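1. How does the following fold in three dimensions:
(7 chains)
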Amino acid sequence: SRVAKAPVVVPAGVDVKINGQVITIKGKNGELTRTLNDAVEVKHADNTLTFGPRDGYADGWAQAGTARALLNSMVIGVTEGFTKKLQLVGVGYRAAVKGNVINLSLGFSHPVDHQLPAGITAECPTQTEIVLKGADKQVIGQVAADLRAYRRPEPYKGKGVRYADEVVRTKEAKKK
Amino acid sequence: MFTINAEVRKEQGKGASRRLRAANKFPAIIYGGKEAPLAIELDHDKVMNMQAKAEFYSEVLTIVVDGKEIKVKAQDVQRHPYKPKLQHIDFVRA
Amino acid sequence: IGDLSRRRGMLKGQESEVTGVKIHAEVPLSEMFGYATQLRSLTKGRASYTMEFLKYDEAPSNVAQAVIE
Amino acid sequence: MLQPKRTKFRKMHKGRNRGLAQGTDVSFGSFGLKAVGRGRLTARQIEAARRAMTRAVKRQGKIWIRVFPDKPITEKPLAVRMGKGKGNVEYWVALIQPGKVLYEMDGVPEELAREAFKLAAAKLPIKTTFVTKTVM
Amino acid sequence: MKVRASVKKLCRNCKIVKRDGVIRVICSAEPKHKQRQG
Amino acid sequence: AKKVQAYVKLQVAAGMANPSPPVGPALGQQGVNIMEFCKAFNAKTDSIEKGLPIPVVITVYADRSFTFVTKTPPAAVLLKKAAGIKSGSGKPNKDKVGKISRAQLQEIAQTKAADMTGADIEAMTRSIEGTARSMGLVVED
RNA sequence: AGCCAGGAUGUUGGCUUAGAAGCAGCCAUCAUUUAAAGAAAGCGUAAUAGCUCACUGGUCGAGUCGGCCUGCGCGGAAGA
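-> Numbers count the residues shown, from 1 in each chain, chains lettered A, B, ... in the order given. See the structure here:
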């Protein structure tokens, strides 16, 4: 529980409305809300944010550490946002952005016309590349995984929607 | 150079001894001399932790009882069959 | 070279030229069977070879015990 | 497998298997396999247990077997009604009591001794433990 | 995946975790080492 | 002098300036042309005699110019002929041939000094008398 | 325990040198210093390079690692 004790710093331009157990973050990139667990205590500071395993259940040290890094994920979300780069490796793969939907040509005999959730924007500077932009690490984490869910990389040449920071675990083709 | 904490046990017997070893303590006996023997009870945990050394069996063991500390030698160890504990030790008063 | 090891390839070494990496080795005749069918299966059809005779060298224990009918 | 050469009788009464055991200390080598459960060991499991741990060290050190089958356990043949006489002896067992020193060995390093006994124990129907020779 | 009633940590990177109450072993390097139910 | 992308730490024969199939896999990995490299090799090759093995380090610059800082006999290959025989091992503790002194090797440590400057004159000899210990040889003075 | 600098390797060490360069494994098990360094486990590999591992030289700043004896629970556990 080193991360349960470690306070979340709130730098300038960021507003934290500690209203009971539902906490709303607010900053440079909008505003998000998140309800916390009742095993977790909350106090602001002079400027930072310190949380505690509130009395009652004794497993709050396990709980507040989860409750800490969530807000530590949220405080960076409304200051910089986050972004997952992708690679659409494979000949015959493109993707374009029509406002909020993505038209993925994945070698299927039906167009993959996938629509994103709200609060995120996509960027396709290269047709085999996808730059998702959003606030939460959670919401863009799933979207990148749902994009991988259409064509997961096969371990022979890695044809798929692999991450640009992930190395694919290709094996030997080993036969004819 | 080992030291043993112990005391005199009373009301001995079969079930009496079985009542002891289910309470983290076990009996013993000290004999040898022109006197009467001494049925001495001593802590189980402490002496079992120190019986691993060879100096537990090659030294004048310094058992203290009611203030009076005596130097004895370890004759035999009647230990538990399959559990790693032990049941009884014979201390000849050397 | 690694697949040549499975074909008992007594290697010599690795040499290079202007666009090719030439490697000469000794291979048993018993494991010559369909070699270029397995060669260009591993080299994308861009390789070649030529078989020449050297000697009736030693047949090991597993290879000596096989053909005895 | 181990079997008594020239015993007195052909069959023997069943008999309960109570009490404790006599072989308790690691009396010959340094590392033994004391038994914690209470059952019986036929000769086939006796032969198989040594075999697995003999090849665990492959030759190394002396290995002593402290249990020998004495009880001639019989079985009746199938489709035969009860009675009609005691059945013929099929296999020989050694009744195991709690705190019995089974297989014992010497001349091997400790860590592989516990390893070799671990390979042997899974062939046994009795829960055992790895015990070490103490002084006296 | 191997539904083996015993599970052994077969490598260095093989980690043992309890998912949904069931003990599961996964590996970062070798996907042949995945197993459960132990 | 670039850190790892092309540096090769091996060679055997000075007089045999041709890289035989034993040596060739290292040159073919990056494409080192030995023929004009032999002319640069033979400037220092002629300074030493043949019969004592020589290694090389290889440095390739960014502009396809490739050079080297070659050697003289280092640690293993000089102590072998110092014993008289190039080999005779596979059994360090199980064989015992010859007895060599360190004062005579203190002179050849200075010949290794201008070649492969291995630390602490006698402790480098103590690193290779361990090799003499591992070649089955014995050393006593 | 991580993060950056690392991998303190003489030794392309025999050998079988076609290579077994710490890593084919038999062996010596030498030594440099011995503030961070075994003449070596491991996939990877023709063989080096390799990323590491043993180990943290500086960063942070508190407790921590694995067995033993056991109380109570889980999985093992599929029938008309």
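2. before we move on, what SS does the residue of chain D found nearest RNA strand G have?
-> RNA strand G sits closest to residue D:129 of chain D, with a gap of 6.6 Å, by Cβ to the nearest atom of the strand. Just so you know, the C-beta spots here come from the backbone N, C-alpha and C atoms, and that holds for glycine as well. Following DSSP: H, G, I helix; E, B strand; the rest coil, we place residue D:129 in the strand state.
3. most centrally placed residue in chain C?
-> residue C:27 (4.1 Å; Cα atoms, centre = their mean).
4. how far away is it from RNA strand G?
-> Noted for residue C:27: a distance of 11 Å to RNA strand G, by Cβ to the nearest atom of the strand, to the nearest Å.
5. Touching, that residue and residue C:7? I think so.
-> Yes: using Cβ atoms under 8 Å, residue C:27 is in contact with residue C:7, at 6.0 Å.
6. what do these two both touch?
-> Common neighbours of residue C:27 and residue C:7, using Cβ atoms under 8 Å, 6 or more residues apart in numbering or on different chains, are residue C:35.
7. Quick check: residue D:47 is in a strand.
-> No: checked against three-state DSSP, residue D:47 lies outside a strand; its state is helix.
8. and it, how many residues sit next to it?
-> By other Cβ atoms under 10 Å in any protein chain shown, the residues close to residue D:47 number 14.
9. Equivalent analysis for the one 10 residues further on, please.
-> Under the neighbour criterion other Cβ under 10 Å, residue D:57 is assigned a count of 17.
10. so who does it touch?
-> For residue D:57, the contact set (Cβ under 8 Å, 6+ apart) comprises D:108, D:112, D:116.
11. Please identify which helix or strand holds the second one.
-> Think residue D:112. Residue D:112 belongs to helix D:110-121 when elements are defined using DSSP states H and E.
12. The closest residue to the residue nearest to the centre of chain C other than its chain neighbours and residue A:143, how far apart?
-> Take residue C:27 and drop its neighbours on the chain: the residue closest to it by Cβ to Cβ, 6 or more residues apart in numbering or on different chains is residue C:9, 5.2 Å away. Residue C:9 sits 51 Å away from residue A:143, going by Cβ to Cβ, to the nearest Å.
13. More neighbours: the two, which one.
-> Using other Cβ under 10 Å as the criterion, residue C:9 and residue A:143 rank with residue A:143 on top: 20 against 17.
14. for the helix holding residue D:112, packing partners?
-> Packing contacts for helix D:110-121, counted by 3 or more Cβ pairs under 8 Å, 6 or more residues apart in numbering or on different chains; DSSP states H and E, involve strand D:31-35, helix D:43-57, strand D:100-105, strand D:128-132.
15. residues near residue A:63, how many?
-> Neighbours of residue A:63 using other Cβ under 10 Å come to 20.
16. my bad, residue D:136
-> Count around residue D:136 with other Cβ under 10 Å applied: 8.
17. Equivalent analysis for residue A:54, please.
-> So residue A:54, with other Cβ under 10 Å, has 15 neighbours.
18. Is it possible to get JSON lines of the helices and strands packed on helix D:110-121 that adds distance to residue A:10?
-> Compiled in JSON lines, those are given as follows (distance: least, Cβ to Cβ, whole Å):
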{"stretch": "strand D:31-35", "distance to residue A:10": "63"}
{"stretch": "helix D:43-57", "distance to residue A:10": "62"}
{"stretch": "strand D:100-105", "distance to residue A:10": "67"}
{"stretch": "strand D:128-132", "distance to residue A:10": "58"}
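19. How about the single nearest residue of chain C relative to chain F: what's its closest non-neighbour residue?
-> Of all residues in chain C, residue C:13 sits closest to chain F, with a separation of 2.4 Å (Cβ to the nearest Cβ). Using Cβ to Cβ, 6+ apart and skipping residues adjacent in sequence, the residue nearest residue C:13 is residue F:21, 2.4 Å away.
20. any idea how far the one you found lies from residue C:8?
-> Relative to residue C:8, residue F:21 is positioned 18 Å away (Cβ to Cβ).
21. now do residue D:33
-> From residue D:33 to residue C:8 the distance is 46 Å (Cβ to Cβ).
22. Of those two, which one has the most company?
-> Neighbour tally, residue D:33 and residue C:8, criterion other Cβ under 10 Å: the higher count belongs to residue D:33, 26 against 16.
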